[PDB]
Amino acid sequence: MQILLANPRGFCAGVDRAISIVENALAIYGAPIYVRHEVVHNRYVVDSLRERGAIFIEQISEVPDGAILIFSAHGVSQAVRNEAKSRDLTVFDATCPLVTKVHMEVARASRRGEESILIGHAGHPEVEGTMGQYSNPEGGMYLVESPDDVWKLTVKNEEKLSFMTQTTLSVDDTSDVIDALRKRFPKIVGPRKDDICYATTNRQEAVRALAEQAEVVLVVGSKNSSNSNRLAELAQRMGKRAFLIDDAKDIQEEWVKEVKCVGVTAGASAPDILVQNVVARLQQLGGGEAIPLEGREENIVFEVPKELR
């Protein structure tokens, strides 16, 4: 059987930056380093950092005075940021720049008392952080997950209305939600398309090509990785058996038993080593040399703050 690898796949610029921030802080200050939320949604990465002295928390109260605290790549609300500021803490912000960009727009609409709508998944830390940039009771900040949510939403002033999105959404589904928003609120404003980042768009494009060729698709990523979930979902919708997996140990032989061609990709938070071990396991199951698919070349890098080298 043939093993195909999607391209691109794996680490994006924001994830690589966030991890490097925690690593460098550990190196520079030693353990412990506190981190608000899993730095990226990958078990392998988080487990490793935890063993190295990082302690992952959700609320600032669980952090002691005089600590070093890092905000995860997904971002935090203004309330969290302020609580951190009011406490005696040294703070580093690993929030991806492409998340921050969305935050700035929500904060602007808040200042104007003008309503905003976020497309995203309820309960996700990025959504909590982005909705948490809005604090004007005179305006409004509304979450929609689907066209149905749009069909039910009422707002105070549809003449002064904008939208923003989560960075890791399904490209296809988000298109449908925007279409709905513009039909219901013809004066709504937003970006030219959405706030889905290059990495999300690119990895979804790449898994679409992969799924066209492969019969089964393995997506390396943790259960709580939204972008990784969208990749598995995309392949399933195309009629392929697709599995979200943390590592090679998760591979059940029945999945690939009589399969001529298996595809592998990885979400934005999954390190390459996990992919190499997945490939190694597929080769034990009859696979050959992994063939990388041709794909769009990414070139963006986000540097760590100077203070962290």
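Definition used throughout: the rigid core is the maximal C-alpha set that superposes within 1.5 Å between two forms. Sequential numbering from 1, following the sequence displayed.
Student: Comparing against the shown form in 7 other deposited structures of this protein, which stretch has the larger RMS C-alpha deviation after a rigid core superposition, 263-271 or 56-64?
Tutor: Looking at 263-271 versus 56-64 in 7 other deposited structures of this protein, the farther one turns out to be 56-64.
Student: Quick one: say whether 208-216 or 171-179 has the higher mean Cα B-factor in the deposited entry.
Tutor: So the stretch with the higher mean C-alpha B-factor is 208-216.
Student: Between 139-147 and 109-117, which has the higher average C-alpha B-factor in the PDB entry?
Tutor: It is 109-117.
Student: Looking at 277, 42, 265, 283, which one carries the largest C-alpha B-factor according to the PDB entry?
Tutor: Each of 277, 42, 265, 283 was compared by C-alpha B-factor; the highest is 283.
Student: In terms of recorded Cα temperature factor, pick the maximum from 49, 245, 259, 242.
Tutor: Highest C-alpha B-factor among the listed options: 259.
Student: Taking only the Cα B-factors deposited for this chain, tell me whether residue 126 sits in the lowest, middle or highest third.
Tutor: Tercile = lowest for this residue's CA B-factor.
Student: Please rank the C-alpha B-factors of the chain's modelled residues and tell me whether residue 165 sits in the lowest, middle or highest third.
Tutor: Lowest third.
Student: Taking the C-alpha B-factors as the PDB entry records them, is residue 89 in the lowest, middle or highest third of its chain?
Tutor: Its C-alpha B-factor, which the entry lists for residue 89, ranks in the highest third among residues of this chain.
Student: Could you say whether, by C-alpha temperature factor, residue 254 belongs to the lowest, middle or highest third of its chain?
Tutor: CA B-factor rank for residue 254: highest third.
Student: Going by the recorded CA B-factors, say which third of the chain residue 226 sits in, lowest, middle or highest.
Tutor: For residue 226, the deposited C-alpha B-factor lands in the lowest third.
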